[PDB]
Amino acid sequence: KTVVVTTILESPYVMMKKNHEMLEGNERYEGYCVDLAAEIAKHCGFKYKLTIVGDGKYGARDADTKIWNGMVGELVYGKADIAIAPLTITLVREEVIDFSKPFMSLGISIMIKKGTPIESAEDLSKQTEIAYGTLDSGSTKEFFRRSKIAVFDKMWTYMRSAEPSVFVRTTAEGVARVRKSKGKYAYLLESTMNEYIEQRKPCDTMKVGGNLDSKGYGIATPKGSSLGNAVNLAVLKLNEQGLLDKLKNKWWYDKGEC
């Protein structure tokens, strides 16, 4: 059967083509994950349909309802067959879905408006003037919620209680907030997205300091799926054949505007 792929509109992973209204099906979209999906499909020998996740979220479990939302929910509830997206491999997710070996490494990082007097997480934690926050429903928020590290625990205590809310619905919303806030908001997001935006006009943001953690994005499938083995082997093959490095360069740096 045609494989339903869940993914997310997150630049430069998946983006609407300029002329998408004139195009159909998989041809409407472009990006790193669009190129990657085509290759995974070709190597595993399946036909597929790209679908954008309905609720626009990565995936988290409701503490009260126990229901998973986002791409993770679409796999868990059988709405999609595979997720090919910047979907972070985490323990709580690996308990309900399967991940390939990672196709990209990343860590949480700090985005500032250029000139913001912050160099580190410690810096953010030791001051009050500059607000800071995360994507409201992903792995970055969870990192802080769970961290027993002093600096990060202090940051979480501030973020969970800050008013108005320092959390954002989408990555684009976080980036826009840094850009419009005259240095008074810094955004905590994955190094991959941080480094992409740093190379986009109007070239007014910067990644500062080291990454806070180390993790990976993986291709996810419902637990027990017949696709998992082949998908994993394809990721390894594509890495070893240099495709992943090629795709990174194509979408990050070949298209740099700064």
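Numbers follow the displayed sequence, beginning with 1.
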Out of 87-95 and 160-168, which one has CA B-factors that are higher on average in the deposited record?
-> 160-168
Which of 64-72 and 48-56 has higher mean CA B factor, as the PDB entry lists it | 64-72
Out of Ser109, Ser100, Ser147, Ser139, which one has a C-alpha B factor higher than all the others in the entry?
-> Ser147
Highest-ranked of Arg28, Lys42, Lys223, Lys215 once sorted by CA temperature factor in the record = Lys223
Lowest, middle or highest third - CA B-factor, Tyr187 | lowest
Which third, lowest, middle or highest, does the CA B-factor of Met193 fall in along this chain?
-> lowest
Sorting the chain's modelled residues by C-alpha B-factor and splitting them into thirds places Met206 in the highest
By the record's CA B-factor, is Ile8 among the lowest, middle or highest third of residues in the chain?
-> lowest
Sort the modelled residues of this chain by their C-alpha B factor and say whether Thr128 lands in the lowest, middle or highest third.
-> highest
